[PDB]
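protein.cif (mmCIF, C-alpha atoms)
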data_work
loop_
_atom_site.label_atom_id
_atom_site.label_comp_id
_atom_site.auth_asym_id
_atom_site.auth_seq_id
_atom_site.Cartn_x
_atom_site.Cartn_y
_atom_site.Cartn_z
CA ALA J 1 16.41 -2.83 1.87
CA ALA J 2 13.40 -2.79 4.30
CA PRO J 3 10.66 -0.14 4.98
CA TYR J 4 10.57 1.85 8.28
CA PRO J 5 7.97 0.09 10.48
CA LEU J 6 5.37 2.95 10.25
CA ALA J 7 2.48 2.34 12.72
CA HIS J 8 0.10 4.47 10.54
CA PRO J 9 1.20 5.04 6.87
CA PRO J 10 -1.09 7.44 4.92
CA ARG J 11 -3.72 6.30 2.37
CA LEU J 12 -2.82 8.57 -0.57
CA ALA J 13 -6.40 8.29 -1.93
CA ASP J 14 -7.51 10.49 1.07
CA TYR J 15 -4.89 13.20 0.14
CA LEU J 16 -5.56 13.26 -3.68
CA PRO J 17 -8.44 14.35 -5.91
CA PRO J 18 -9.57 11.78 -8.53
CA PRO J 19 -8.13 12.47 -12.06
CA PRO J 20 -9.98 14.59 -14.58
CA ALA J 21 -13.12 12.90 -16.02
CA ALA J 22 -13.11 11.58 -19.64
CA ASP J 23 -14.79 14.75 -21.06
CA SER J 24 -13.70 17.25 -18.29
CA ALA J 25 -12.30 20.22 -20.26
CA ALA J 26 -9.48 19.06 -17.83
CA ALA J 27 -9.08 15.66 -19.63
CA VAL J 28 -8.67 17.33 -23.10
CA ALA J 29 -6.05 19.81 -21.73
CA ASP J 30 -4.18 16.86 -20.02
CA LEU J 31 -4.18 14.71 -23.23
CA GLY J 32 -3.52 17.92 -25.33
CA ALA J 33 -0.20 18.61 -23.46
CA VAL J 34 1.09 14.98 -23.82
CA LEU J 35 0.51 15.22 -27.64
CA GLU J 36 1.99 18.79 -27.74
CA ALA J 37 5.02 17.40 -25.80
CA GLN J 38 5.10 14.62 -28.52
CA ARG J 39 4.87 17.21 -31.37
CA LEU J 40 7.86 19.13 -29.87
CA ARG J 41 10.12 16.43 -28.23
CA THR J 42 13.49 16.28 -30.11
CA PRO J 43 15.47 13.11 -30.97
CA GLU J 44 18.28 14.03 -28.46
CA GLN J 45 15.46 14.54 -25.85
CA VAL J 46 14.05 11.00 -26.50
CA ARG J 47 17.43 9.15 -26.29
CA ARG J 48 18.22 11.12 -23.00
CA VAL J 49 14.94 9.99 -21.27
CA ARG J 50 15.73 6.38 -22.41
CA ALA J 51 18.92 6.63 -20.23
CA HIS J 52 17.72 3.81 -17.80
CA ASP J 53 16.81 3.99 -14.05
CA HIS J 54 18.09 1.05 -11.95
CA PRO J 55 16.84 2.57 -8.60
CA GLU J 56 19.69 0.84 -6.55
CA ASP J 57 20.61 4.17 -4.78
CA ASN J 58 18.60 6.56 -7.03
CA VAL J 59 19.17 9.49 -4.51
CA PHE J 60 22.89 9.83 -5.63
CA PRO J 61 22.35 10.17 -9.46
CA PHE J 62 19.36 12.38 -8.40
CA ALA J 63 21.82 14.91 -6.82
CA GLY J 64 25.56 14.00 -6.97
CA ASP J 65 26.05 16.79 -9.55
CA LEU J 66 23.88 19.29 -7.46
CA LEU J 67 26.03 18.32 -4.42
CA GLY J 68 29.83 17.59 -4.66
CA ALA J 69 31.71 14.38 -5.44
CA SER J 70 31.68 14.56 -1.57
CA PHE J 71 28.17 12.96 -2.06
CA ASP J 72 29.65 9.39 -2.04
CA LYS J 73 27.24 6.40 -1.96
CA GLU J 74 30.40 4.57 -0.69
CA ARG J 75 31.20 7.10 2.15
CA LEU J 76 27.57 7.73 3.37
CA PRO J 77 26.24 4.51 4.99
CA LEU J 78 23.41 6.11 7.11
CA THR J 79 22.23 8.45 4.26
CA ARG J 80 22.46 5.62 1.66
CA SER J 81 20.34 3.29 3.91
CA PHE J 82 17.67 5.89 4.92
CA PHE J 83 16.89 6.79 1.28
CA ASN J 84 16.75 3.05 0.32
CA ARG J 85 14.38 2.21 3.21
CA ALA J 86 12.09 5.31 2.79
CA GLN J 87 11.90 4.57 -1.02
CA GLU J 88 10.40 1.15 0.05
CA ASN J 89 8.08 2.98 2.58
CA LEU J 90 6.92 4.93 -0.58
CA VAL J 91 6.39 1.81 -2.85
CA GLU J 92 4.01 0.55 -0.06
CA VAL J 93 1.67 3.64 -0.24
CA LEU J 94 2.06 4.17 -4.06
CA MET J 95 0.98 0.71 -5.39
CA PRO J 96 -2.45 0.74 -3.56
CA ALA J 97 -3.28 4.38 -4.55
CA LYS J 98 -2.15 3.62 -8.15
CA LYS J 99 -4.60 0.63 -8.29
CA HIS J 100 -7.53 2.28 -6.44
CA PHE J 101 -7.57 5.16 -9.07
CA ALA J 102 -6.99 2.73 -12.06
CA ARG J 103 -6.44 5.67 -14.46
CA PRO J 104 -6.03 4.93 -18.18
CA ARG J 105 -2.58 5.93 -19.59
CA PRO J 106 -2.34 8.59 -22.35
CA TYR J 107 -1.69 5.89 -25.06
CA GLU J 108 -4.61 3.78 -23.63
CA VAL J 109 -6.77 6.92 -24.35
CA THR J 110 -5.58 7.31 -28.01
CA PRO J 111 -2.86 5.47 -30.02
CA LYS J 112 -2.00 8.95 -31.52
CA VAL J 113 0.25 9.02 -28.34
CA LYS J 114 3.51 7.03 -28.88
CA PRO J 115 5.22 6.35 -25.51
CA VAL J 116 9.06 6.13 -25.94
CA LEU J 117 9.50 4.64 -22.39
CA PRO J 118 8.25 1.00 -22.00
CA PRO J 119 4.50 1.51 -21.48
CA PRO J 120 2.88 -0.06 -18.34
CA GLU J 121 -0.88 -1.06 -18.36
CA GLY J 122 -2.98 1.71 -16.70
CA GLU J 123 -2.61 2.93 -13.07
CA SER J 124 -1.50 6.24 -14.72
CA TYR J 125 -2.33 8.28 -11.56
CA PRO J 126 -0.58 9.25 -9.49
CA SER J 127 3.03 9.40 -10.92
CA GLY J 128 5.47 7.19 -8.94
CA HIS J 129 8.51 8.81 -10.62
CA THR J 130 7.25 12.37 -9.87
CA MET J 131 6.58 11.13 -6.32
CA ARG J 132 10.07 9.51 -5.89
CA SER J 133 11.62 12.80 -7.24
CA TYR J 134 9.74 15.45 -5.07
CA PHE J 135 10.08 12.88 -2.19
CA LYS J 136 13.92 12.91 -2.46
CA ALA J 137 14.12 16.73 -3.07
CA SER J 138 11.92 17.21 0.07
CA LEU J 139 14.13 15.06 2.39
CA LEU J 140 17.40 16.41 0.82
CA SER J 141 16.13 20.07 0.98
CA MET J 142 15.56 19.52 4.79
CA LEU J 143 19.09 18.03 5.27
CA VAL J 144 20.74 20.66 2.91
CA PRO J 145 18.48 23.80 2.89
CA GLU J 146 21.33 25.61 1.00
CA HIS J 147 20.42 23.85 -2.32
CA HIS J 148 16.61 23.69 -1.70
CA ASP J 149 15.72 25.61 -4.91
CA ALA J 150 18.21 23.37 -6.90
CA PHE J 151 16.81 19.93 -5.75
CA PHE J 152 13.19 21.03 -6.55
CA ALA J 153 14.16 22.17 -10.10
CA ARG J 154 15.84 18.70 -10.37
CA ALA J 155 12.60 16.95 -9.32
CA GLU J 156 10.71 19.05 -11.99
CA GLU J 157 13.17 18.01 -14.81
CA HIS J 158 12.39 14.34 -13.81
CA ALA J 159 8.57 14.68 -13.32
CA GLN J 160 8.25 16.47 -16.73
CA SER J 161 10.46 13.83 -18.50
CA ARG J 162 7.37 11.50 -18.15
CA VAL J 163 4.82 13.79 -20.01
CA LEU J 164 7.54 14.13 -22.74
CA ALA J 165 8.00 10.30 -22.79
CA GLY J 166 4.17 9.90 -23.15
CA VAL J 167 3.65 7.59 -20.08
CA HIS J 168 1.92 10.33 -17.95
CA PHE J 169 -0.46 13.34 -18.22
CA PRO J 170 0.44 16.63 -16.38
CA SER J 171 -2.26 15.90 -13.66
CA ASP J 172 -0.50 12.55 -12.95
CA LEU J 173 2.50 14.72 -11.85
CA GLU J 174 0.26 16.99 -9.73
CA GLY J 175 -0.67 13.77 -7.83
CA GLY J 176 2.90 12.49 -7.37
CA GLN J 177 3.80 15.97 -5.99
CA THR J 178 0.98 16.11 -3.34
CA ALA J 179 1.60 12.45 -2.28
CA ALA J 180 5.39 12.88 -1.81
CA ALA J 181 4.38 15.62 0.69
CA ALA J 182 1.90 13.46 2.71
CA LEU J 183 4.46 10.58 2.92
CA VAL J 184 7.40 12.78 4.11
CA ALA J 185 5.29 14.39 6.91
CA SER J 186 3.95 10.94 7.93
CA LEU J 187 7.46 9.42 7.89
CA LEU J 188 9.41 12.03 10.00
CA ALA J 189 6.50 12.20 12.50
CA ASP J 190 7.76 8.72 13.68
CA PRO J 191 10.53 9.58 16.18
CA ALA J 192 12.54 6.35 15.34
CA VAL J 193 12.72 7.61 11.69
CA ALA J 194 13.20 11.25 12.97
CA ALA J 195 16.23 10.01 15.02
CA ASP J 196 17.88 8.29 11.96
CA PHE J 197 17.20 11.40 9.77
CA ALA J 198 19.07 13.52 12.42
CA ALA J 199 22.14 11.16 12.23
CA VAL J 200 21.85 11.54 8.41
CA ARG J 201 21.89 15.40 8.70
CA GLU J 202 25.26 15.13 10.63
CA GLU J 203 26.76 12.41 8.31
CA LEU J 204 25.84 14.31 5.05
CA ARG J 205 26.57 17.94 6.20
CA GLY J 206 29.80 16.81 7.96
CA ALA J 207 30.71 14.91 4.74
CA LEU J 208 29.92 18.16 2.77
CA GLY J 209 31.53 20.47 5.42
CA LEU J 210 28.40 22.58 6.23
CA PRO J 211 27.90 24.24 9.69
CA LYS J 212 24.75 24.24 12.05
#
Could you express the structure from this file as structure tokens?
Amino acid sequence: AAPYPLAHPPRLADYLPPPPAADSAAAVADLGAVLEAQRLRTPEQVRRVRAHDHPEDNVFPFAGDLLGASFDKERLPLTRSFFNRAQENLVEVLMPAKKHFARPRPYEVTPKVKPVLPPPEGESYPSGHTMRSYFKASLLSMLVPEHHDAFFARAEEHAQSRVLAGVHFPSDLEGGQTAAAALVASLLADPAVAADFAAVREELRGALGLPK
């Protein structure tokens, strides 16, 4: 799947604060939550979060229970495509921002932290997962305003799963959240994308039998 040919994608760095400094009463709170989340995470909670991604069409397992079994990857060719292409449009603004900020991971700050997800090497800010999640919720919530509140509580579940897992601090999530925003605005501003997203409102609402 290919990205939408955005003339001007946004440099997330411009839209984000830098992470808390090493001492920054902020830094100790951040690290303190990850270790509190470690203290309190249950064995059923760990095995859940080690479910396994496989992005493929990650929008469907994202909702799919929050929408019907009308929400068919198989029956929604325009929707399916959009989400796959925009996801790529996201990867392209995440990877640079991630690198620019080169933030140490929680476990690269103290081995008292035991990540239960496979633990990448730094670039801990912002949070790509958090970003993919709020990103999807955002676009869905526009298409299906009815379940707005539902999609956003879904994106939270996801986002938080990372602090639990030990691969991100809470402030990493704050970043993913803000960025998701910037990218959505920047993406639907392009009238070629805006066109496709209209066709996807009809496909998906029509598929779900919703009015307007």
Quick check on the file I pasted: which residues fall under the PyMOL selection byres ((chain J and resi 74-84) around 7)? Write them as JSON, numbers by chain. {"J": [1, 57, 59, 72, 73, 85, 86, 87, 88, 200, 203, 204]}
Residues at most 8 Å from segment 42-52 of chain J, counting all atoms listed in the file, excluding those fewer than 3 positions away in the same chain, as a PyMOL selection string? chain J and resi 116-117+161+165
Expected selection from the PyMOL selection byres ((chain J and resi 150) around 12), given as an MDAnalysis selection string: chainID J and resid 62:67 134 137:138 140:141 144:149 151:157
Pick from J:143, J:8, J:179, J:190 nearest to residue 211 of chain J, counting all atoms listed in the file: J:143
Excluding residue 105 of chain J and its own-chain neighbours fewer than 4 positions away, which residues fall within 12 Å of it when counting all atoms listed in the file? Please give them as a ChimeraX atom specification. /J:19,22,27,30-31,34,98,101,109-111,113-115,119-127,162-163,165-172
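Restricting the calculation to all atoms listed in the file, the smallest distance between residue 29 of chain J and any of J:132, J:207, J:160, J:106 is found for J:106.
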Distance atom CA of residue 104 of chain J-atom CA of residue 133 of chain J, one decimal place?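 Value for the atom CA of residue 104 of chain J-atom CA of residue 133 of chain J distance: 22.2 Å.
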Which protein, DNA or RNA residues are at most 6 Å from (19.1, 17.6, 8.9) in the file's coordinates when you count all atoms listed in the file, listed as a PyMOL selection string? chain J and resi 142-143+198+201
So how many Å separate atom CA of residue 184 of chain J and atom CA of residue 206 of chain J, to one decimal?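 Atom CA of residue 206 of chain J lies 23.1 Å from atom CA of residue 184 of chain J.
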Could you tell me how far atom CA of residue 107 of chain J sits from atom CA of residue 41 of chain J, in Å to one decimal place?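 According to the coordinates, atom CA of residue 41 of chain J and atom CA of residue 107 of chain J are separated by 16.1 Å.
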Among listed residues J:13, J:189, J:21, J:210, nearest residue 175 of chain J (using all atoms listed in the file):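 Of the candidates, the smallest distance to residue 175 of chain J is held by J:13.
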Could you list, as a PyMOL selection string, every residue matched by the PyMOL selection byres ((chain J and resi 14) around 12) in this structure? chain J and resi 9-13+15-18+93+96-97+100-101+175+178-179+182
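Distances from J:23, J:6, J:202, J:39 to residue 112 of chain J were compared using all atoms listed in the file, and the smallest one belongs to J:39.
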Which of J:131, J:139, J:173, J:95 sits closest to residue 193 of chain J [using only C-alpha atoms]: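 The closest residue to residue 193 of chain J is J:139.
With distances taken over only C-alpha atoms, J:164 is the one residue among J:205, J:5, J:99, J:164 lying closest to residue 38 of chain J.
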Take every atom of segment 80-86 of chain J listed in the file, pad by 6 Å on each side, and give me the axis-aligned box centre and edge lengths in Å, one decimal, as lines of an AutoDock Vina configuration file.
center_x = 17.3
center_y = 4.5
center_z = 2.6
size_x = 22.4
size_y = 16.6
size_z = 16.6
Would you mind putting back N, CA and C atoms on segment 177-206 of chain J, then writing it out as an mmCIF file, in the coordinates of the input?
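After the write, part07.cif holds the following:
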data_model
loop_
_atom_site.group_PDB
_atom_site.id
_atom_site.type_symbol
_atom_site.label_atom_id
_atom_site.label_comp_id
_atom_site.auth_asym_id
_atom_site.auth_seq_id
_atom_site.Cartn_x
_atom_site.Cartn_y
_atom_site.Cartn_z
ATOM 1 N N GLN J 177 3.268 14.801 -6.736
ATOM 2 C CA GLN J 177 3.800 15.970 -5.990
ATOM 3 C C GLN J 177 3.156 16.006 -4.591
ATOM 4 N N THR J 178 1.825 15.983 -4.565
ATOM 5 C CA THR J 178 0.980 16.110 -3.340
ATOM 6 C C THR J 178 1.285 14.930 -2.403
ATOM 7 N N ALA J 179 1.490 13.749 -2.983
ATOM 8 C CA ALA J 179 1.600 12.450 -2.280
ATOM 9 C C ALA J 179 2.943 12.434 -1.542
ATOM 10 N N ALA J 180 4.003 12.735 -2.297
ATOM 11 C CA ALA J 180 5.390 12.880 -1.810
ATOM 12 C C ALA J 180 5.339 13.647 -0.496
ATOM 13 N N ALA J 181 4.600 14.765 -0.501
ATOM 14 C CA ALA J 181 4.380 15.620 0.690
ATOM 15 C C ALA J 181 3.853 14.720 1.814
ATOM 16 N N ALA J 182 2.597 14.283 1.696
ATOM 17 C CA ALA J 182 1.900 13.460 2.710
ATOM 18 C C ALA J 182 2.884 12.446 3.292
ATOM 19 N N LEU J 183 3.617 11.718 2.452
ATOM 20 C CA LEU J 183 4.460 10.580 2.920
ATOM 21 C C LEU J 183 5.601 11.089 3.802
ATOM 22 N N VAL J 184 6.253 12.171 3.376
ATOM 23 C CA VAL J 184 7.400 12.780 4.110
ATOM 24 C C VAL J 184 6.933 13.141 5.529
ATOM 25 N N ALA J 185 5.844 13.896 5.634
ATOM 26 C CA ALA J 185 5.290 14.390 6.910
ATOM 27 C C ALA J 185 5.058 13.200 7.836
ATOM 28 N N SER J 186 4.494 12.142 7.245
ATOM 29 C CA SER J 186 3.950 10.940 7.930
ATOM 30 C C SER J 186 5.136 10.146 8.445
ATOM 31 N N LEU J 187 6.234 10.232 7.706
ATOM 32 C CA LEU J 187 7.460 9.420 7.890
ATOM 33 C C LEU J 187 8.307 10.019 9.029
ATOM 34 N N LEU J 188 8.488 11.341 9.052
ATOM 35 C CA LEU J 188 9.410 12.030 10.000
ATOM 36 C C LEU J 188 8.688 12.293 11.317
ATOM 37 N N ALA J 189 7.359 12.191 11.301
ATOM 38 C CA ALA J 189 6.500 12.200 12.500
ATOM 39 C C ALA J 189 6.919 11.067 13.456
ATOM 40 N N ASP J 190 7.259 9.891 12.909
ATOM 41 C CA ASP J 190 7.760 8.720 13.680
ATOM 42 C C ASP J 190 9.129 9.066 14.244
ATOM 43 N N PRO J 191 9.275 9.136 15.582
ATOM 44 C CA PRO J 191 10.530 9.580 16.180
ATOM 45 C C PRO J 191 11.715 8.614 15.982
ATOM 46 N N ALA J 192 11.481 7.322 15.707
ATOM 47 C CA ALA J 192 12.540 6.350 15.340
ATOM 48 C C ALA J 192 13.155 6.789 14.002
ATOM 49 N N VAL J 193 12.299 7.097 13.028
ATOM 50 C CA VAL J 193 12.720 7.610 11.690
ATOM 51 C C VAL J 193 13.378 8.985 11.889
ATOM 52 N N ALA J 194 12.750 9.864 12.675
ATOM 53 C CA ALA J 194 13.200 11.250 12.970
ATOM 54 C C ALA J 194 14.616 11.256 13.549
ATOM 55 N N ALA J 195 14.892 10.312 14.456
ATOM 56 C CA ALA J 195 16.230 10.010 15.020
ATOM 57 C C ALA J 195 17.244 9.749 13.902
ATOM 58 N N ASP J 196 16.985 8.731 13.070
ATOM 59 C CA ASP J 196 17.880 8.290 11.960
ATOM 60 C C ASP J 196 18.168 9.471 11.014
ATOM 61 N N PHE J 197 17.134 10.262 10.718
ATOM 62 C CA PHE J 197 17.200 11.400 9.770
ATOM 63 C C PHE J 197 18.076 12.502 10.379
ATOM 64 N N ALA J 198 18.166 12.577 11.713
ATOM 65 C CA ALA J 198 19.070 13.520 12.420
ATOM 66 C C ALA J 198 20.526 13.087 12.174
ATOM 67 N N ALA J 199 20.845 11.827 12.500
ATOM 68 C CA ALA J 199 22.140 11.160 12.230
ATOM 69 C C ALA J 199 22.544 11.367 10.762
ATOM 70 N N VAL J 200 21.580 11.336 9.850
ATOM 71 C CA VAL J 200 21.850 11.540 8.410
ATOM 72 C C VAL J 200 22.141 13.020 8.135
ATOM 73 N N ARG J 201 21.559 13.960 8.886
ATOM 74 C CA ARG J 201 21.890 15.400 8.700
ATOM 75 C C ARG J 201 23.381 15.587 9.030
ATOM 76 N N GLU J 202 23.838 15.060 10.176
ATOM 77 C CA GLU J 202 25.260 15.130 10.630
ATOM 78 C C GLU J 202 26.158 14.445 9.589
ATOM 79 N N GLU J 203 25.941 13.159 9.305
ATOM 80 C CA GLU J 203 26.760 12.410 8.310
ATOM 81 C C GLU J 203 26.953 13.290 7.064
ATOM 82 N N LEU J 204 25.856 13.714 6.424
ATOM 83 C CA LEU J 204 25.840 14.310 5.050
ATOM 84 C C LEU J 204 26.392 15.739 5.053
ATOM 85 N N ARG J 205 26.094 16.530 6.089
ATOM 86 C CA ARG J 205 26.570 17.940 6.200
ATOM 87 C C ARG J 205 28.056 17.909 6.548
ATOM 88 N N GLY J 206 28.412 17.101 7.550
ATOM 89 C CA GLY J 206 29.800 16.810 7.960
ATOM 90 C C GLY J 206 30.623 16.326 6.788
#
